[PDB]
Peer 1: 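Please see the structure below; I have some questions.
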Amino acid sequence: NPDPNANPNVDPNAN
Amino acid sequence: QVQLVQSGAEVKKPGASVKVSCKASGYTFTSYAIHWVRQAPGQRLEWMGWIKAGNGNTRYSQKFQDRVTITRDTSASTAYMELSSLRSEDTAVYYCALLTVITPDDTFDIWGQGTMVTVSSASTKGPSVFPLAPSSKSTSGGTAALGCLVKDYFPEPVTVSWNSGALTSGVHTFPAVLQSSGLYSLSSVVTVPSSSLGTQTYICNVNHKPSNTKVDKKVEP
Amino acid sequence: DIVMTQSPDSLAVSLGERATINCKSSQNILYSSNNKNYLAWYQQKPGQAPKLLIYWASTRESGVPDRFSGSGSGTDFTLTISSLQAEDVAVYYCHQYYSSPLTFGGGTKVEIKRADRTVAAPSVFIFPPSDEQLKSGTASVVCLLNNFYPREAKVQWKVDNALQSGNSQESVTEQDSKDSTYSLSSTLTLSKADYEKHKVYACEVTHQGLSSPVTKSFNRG
């Protein structure tokens with residue numbers, strides 16, 4: 001699964 | 001407009017350290033993470049690490065964790081990357097960047113202008129700027145060629161503009177070449193109407209930040 | 001590391017034509033729970049930082065033209081430029097943000113070819129050393145080959161009709177953002193003393209658009 005801390009700038013639930 | 005403005009190019013000796021800064025503006029500094037990405041000459045982009053501007057938390061690539069420290073100063077709205085124990089393979093352009101900011105509201109991606117770090121024993125040297133005057137040997141048809149020779153400087157880069165940026169059409173600023181001496185040289189040329197050499201003024205503007213060299217050279221027939 | 005591999009390393013198509021760039025990831029970057037691929041495409045033009053074009057594999061950033069399109073899922077991705085505009089000359093990079101370290105592909109250089117199959121001979125200009133440089137004790141002679149296509153070109157130097165070898169340096173621009181053309185500068189560098197022992201200085205140019213070599217020359221002084 002993706003690591004959400006790889007790029008903190010990325011909100012994975014935003015388009 | 002969000003902007004990221006980095007410190008100037010530097011040469012550093014092998015084994016020494018270098019500290020590049022990255023001043024942010026146009027947004028709330030503490031809200032996002034600043035990344036550091038480098039690009040060695042001719043090679044691909046390489047991610048080094050990020051720092052969360054608010055809490056100062058960091059994450060490093062394994063390739064660099066032994067030699068890189070990323071830090072921030074919220075009062076100055078600035079991030080810093082320090083690379084120690086420099087080696088020839090560290091010669092590269094270093095970028096700070098707000099990479100892939102994907103927010104519920106908006107999406108943006110902003111980079112600094114880059115900082116070239118050269119790892120070398122050689123000393124900093126400012127360029128000489130010589131005119132390449134238009135003459136009968138540099139006119140063909142109704143076109144005249146003229147330029148500036150930016151000779152014997154170290155390290156890279158220089159920047160060249162013409163007429164303080166008013167002249168951009170027809171300009172060719174060539175890649176620098178390393179001469180046998182170990183110093184760089186390049187030329188910047190432009191083609192212009194031969195008919196108007198008497199009425200127009202052509203000035204090349206040369207900047208070599210490592211030596212704080214700033215030259216304006218009028219190029220006359 | 002999730003290794004990103006691009007194919008081809010370089011491509012050339014005509015203005016108007018379709019360019020295709022492939023990127024493959026060593027690991028699946030699709031998250032089934034949100035049906036998102038953690039991939040971005042960047043464009044990088046010479047001497048500038050990269051510019052974000054696509055994110056989530058297929059989402060265009062605002063401002064990005066609709067002729068740029070991303071496709072693909074899991075480990076196989078494609079960037080397509082539907083109708084190339086000559087400015088699209090640049091290096092394209094894939095990027096994954098699924099896991100640390102963040103990684104980039106090796107880059108795909110996109111160049112332009114002329115659709116009308118035409119050839120552009122270089123315009124040749126020659127510049128004697130400036131008196132300013134001569135006062136410093138060195139003489140640089142510059143030959144300019146302007147706006148030629150295709151890229152292959154030959155310059156030979158002749159001093160007093162004798163062919164020269166190994167004492168000149170050349171530099172070539174990147175392909176022009178507007179016309180497919182290239183330019184080349186060659187510099188012949190001599191000490192002032194050697195410069196002053198000869199009369200005729202000439203550069204002789206060979207290119208596909210020339211049915212015989214072009215020689216541009218001057219007599220010292």
Side-chain angles (χ1 to χ4, degrees), chain B residues 39-45 93 168-177 186 188-189 191, chain C residues 4-24 40-54 64-71 77-95 104-123 144-155 170-186 205-210:
Chain B
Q39 187 166 41
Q43 297 201 297
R44 63 172 82 183
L45 302 156
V93 175
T168 66
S169 184
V171 173
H172 297 296
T173 297
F174 291 90
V177 300
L186 72 76
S188 177
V189 299
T191 54
Chain C
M4 311 291 293
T5 305
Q6 304 188 216
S7 313
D9 306 307
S10 185
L11 80 81
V13 295
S14 318
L15 255 41
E17 283 190 339
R18 183 175 255 248
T20 296
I21 305 174
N22 180 264
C23 180
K24 293 192 167 62
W41 284 98
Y42 286 87
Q43 178 189 60
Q44 189 177 31
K45 289 183 197 184
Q48 309 168 150
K51 204 214 163 113
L52 176 66
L53 297 174
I54 315 282
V64 175
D66 63 351
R67 71 169 164 291
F68 291 95
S69 64
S71 57
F77 304 95
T78 304
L79 177 66
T80 305
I81 311 168
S82 63
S83 173
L84 201 73
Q85 309 302 358
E87 51 158 347
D88 295 340
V89 163
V91 182
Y92 292 83
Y93 289 97
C94 51
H95 171 62
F104 295 82
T108 299
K109 176 70 154 333
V110 168
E111 295 181 90
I112 46 181
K113 291 292 190 190
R114 293 191 180 184
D116 65 12
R117 278 161 335 251
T118 62
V119 173
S123 293
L144 166 61
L145 285 61
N146 216 39
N147 304 342
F148 54 92
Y149 174 86
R151 179 200 200 271
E152 49 245 62
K154 211 199 164 143
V155 174
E170 306 82 38
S171 191
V172 187
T173 58
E174 284 274 322
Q175 192 167 32
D176 200 70
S177 272
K178 317 182 181 299
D179 56 8
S180 281
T181 68
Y182 296 86
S183 295
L184 177 150
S185 79
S186 178
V205 173
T206 295
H207 181 267
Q208 185 175 334
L210 296 171

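The basis for the numbers below is simple: all heavy atoms, side chains too, and nothing from hydrogens, waters or symmetry mates. Note on naming: letters A, B, ... go to the chains in the order of the sequence lines (proteins, then strands), and numbering restarts at 1 for each one.
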Peer 1: With sequence neighbours left out, what residues match C:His95 under ring pair (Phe, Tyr, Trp, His ring centres under 6.0 Å)?
Peer 2: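 Only C:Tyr42, C:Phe104 meet the ring pair (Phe, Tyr, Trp, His ring centres under 6.0 Å) criterion with C:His95.
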
Peer 1: Nearest 0.5 Å please: distance from the CD atom of C:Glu170 over to the CG atom of C:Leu184.
Peer 2: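 Taking CD in C:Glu170 and CG in C:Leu184, the distance rounds to 6.0 Å.
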
Peer 1: Considering all heavy atoms of both residues, which atom of C:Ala120 and which atom of C:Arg114 are nearest to each other, and what is their separation?
Peer 2: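 Closest approach of C:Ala120 to C:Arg114, heavy atoms only: CB-NH2, 3.6 Å.
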
Peer 1: Nearest 0.5 angstrom please: C:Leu145 CG to C:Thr181 OG1, how far?
Peer 2: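 Atom-to-atom, C:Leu145:CG and C:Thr181:OG1 are 12.0 Å apart.
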
Peer 1: Which heavy atom in C:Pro50 sits nearest to a heavy atom in B:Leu45, and how many Å separate them?
Peer 2: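 Closest pair (atom of C:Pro50, atom of B:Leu45, distance): CG-CD1, 3.7 Å.
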
Peer 1: If we ignore hydrogens and angles and just use 3.5 Å, is the side chain of C:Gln175 paired with the main-chain N or O of C:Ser180 as donor and acceptor?
Peer 2: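 Checked: pair present.
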
Peer 1: Is the closest side-chain heavy-atom distance between C:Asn22 and C:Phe77 below 4.5 Å?
Peer 2: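 When only atoms from C-beta onward are counted, C:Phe77 and C:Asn22 do not touch, as no gap falls below 4.5 Å.
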
Peer 1: Using 0.5 Å steps for rounding, measure from the CG atom of C:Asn147 to the OG1 atom of B:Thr191.
Peer 2: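 Between atom CG of C:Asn147 and atom OG1 of B:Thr191 there are 6.0 Å.
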
Peer 1: Going by distance alone, is a donor N or O of one side chain under 3.5 Å from an acceptor N or O of the other, for B:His172 and C:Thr173?
Peer 2: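 Not at all, the side chains of B:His172 and C:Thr173 share no donor-acceptor pair under 3.5 Å.
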
Peer 1: With C:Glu17, which residues qualify under salt bridge (charged side-chain N to carboxylate O under 4.0 Å, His left out), at least two apart?
Peer 2: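 Applying salt bridge (charged side-chain N to carboxylate O under 4.0 Å, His left out) to C:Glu17 gives none.
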
Peer 1: Locate the shortest heavy-atom distance separating C:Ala121 from C:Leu210; write the atom from each residue and the value.
Peer 2: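 Closest pair (atom of C:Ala121, atom of C:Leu210, distance): CB-CD2, 3.8 Å.
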
Peer 1: Within the structure provided, determine whether C:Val13 and C:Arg18 are in side-chain contact (heavy-atom separation under 4.5 Å).
Peer 2: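 Result no, sub-4.5 Å side-chain heavy-atom pair not found.
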
Peer 1: Answer whether the closest heavy-atom distance between the side chains of C:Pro150 and C:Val119 falls below 4.5 Å.
Peer 2: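 C:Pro150 reaches C:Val119 side chain to side chain.
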
Peer 1: Specify the closest pair of heavy atoms between C:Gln85 and C:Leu15, including all atoms of both residues, with the distance to one decimal.
Peer 2: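 Heavy atoms only, the tightest pair is C-CD1, 4.2 Å.
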
Peer 1: Determine whether more than 12 heavy atoms belonging to other residues, nucleotides or ligands lie under 6.0 Å from atom NZ of C:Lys51.
Peer 2: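 No - once you tally the heavy atoms of other residues, nucleotides and ligands closer than 6.0 Å, there are 12 at most.
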
Peer 1: Under the side-chain hydrogen bond (donor to acceptor under 3.5 Å, both in side chains) test, which residues partner C:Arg151, sequence neighbours left out?
Peer 2: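 Not a single residue meets the side-chain hydrogen bond (donor to acceptor under 3.5 Å, both in side chains) criterion with C:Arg151.
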
Peer 1: Are the side chain of C:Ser171 and the backbone N or O of C:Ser185 linked by a donor-acceptor pair below 3.5 Å?
Peer 2: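 Looks like no, no N/O pair under 3.5 Å.
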
Peer 1: Looking at CD of C:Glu111 and OG of C:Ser10, how far apart are the two atoms once the value is rounded to the nearest 0.5 Å?
Peer 2: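 Taking CD in C:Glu111 and OG in C:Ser10, the distance rounds to 5.0 Å.
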
Peer 1: Would you say that C:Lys45 contacts C:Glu87 through its side chain, given a criterion of any heavy-atom pair below 4.5 Å between the two side chains?
Peer 2: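 A side-chain contact under 4.5 Å exists here.
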
Peer 1: Roughly how far, to the nearest 0.5 Å, is CG of C:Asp179 from CD1 of C:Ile112?
Peer 2: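 Reported value, rounded in 0.5 Å steps: 7.5 Å.
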
Peer 1: With heavy-atom distances below 4.5 Å as the criterion, would you say the side chains of C:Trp41 and C:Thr108 are in contact?
Peer 2: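 No; the side chains remain at least 4.5 Å from each other.
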
Peer 1: Any side-chain heavy-atom pair from B:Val189 and B:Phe174 closer than 4.5 angstrom?
Peer 2: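 Of all side-chain heavy-atom pairs linking B:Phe174 with B:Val189, at least one is under 4.5 Å.
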
Peer 1: First locate atom CZ of B:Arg44, then atom CD of B:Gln39, and finally report the distance between them rounded to the nearest 0.5 Å.
Peer 2: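 One finds 11.0 Å between CZ of B:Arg44 and CD of B:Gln39.
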
Peer 1: Report the residue from C:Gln43, C:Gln44, C:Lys109 that forms a side chain to side chain donor-acceptor pair (under 3.5 Å) with C:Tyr92.
Peer 2: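 For C:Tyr92, the side chain to side chain donor-acceptor pair (under 3.5 Å) test succeeds with only one of C:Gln43, C:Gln44, C:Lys109, which is C:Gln43.
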
Peer 1: Check C:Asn146 against C:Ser183 and note the closest heavy-atom contact, atom names and distance.
Peer 2: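 Looking at all heavy atoms of both residues, the shortest contact is OD1-OG, 3.0 Å.
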
Peer 1: Do C:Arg67 and C:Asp88 touch side chain to side chain, with heavy atoms closer than 4.5 Å?
Peer 2: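 Side chain of C:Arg67 against side chain of C:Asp88, heavy atoms only: contact under 4.5 Å found.
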
Peer 1: Looking at every non-hydrogen atom in both residues, tell me the closest pair between B:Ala176 and B:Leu186 and how far apart they are.
Peer 2: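 Here B:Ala176 and B:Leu186 meet closest at CA-CB, 3.9 Å.
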
Peer 1: Are the side chain of C:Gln6 and the backbone N or O of C:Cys94 linked by a donor-acceptor pair below 3.5 Å?
Peer 2: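 Yes, C:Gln6 side chain to C:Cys94 backbone: donor-acceptor pair under 3.5 Å.
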
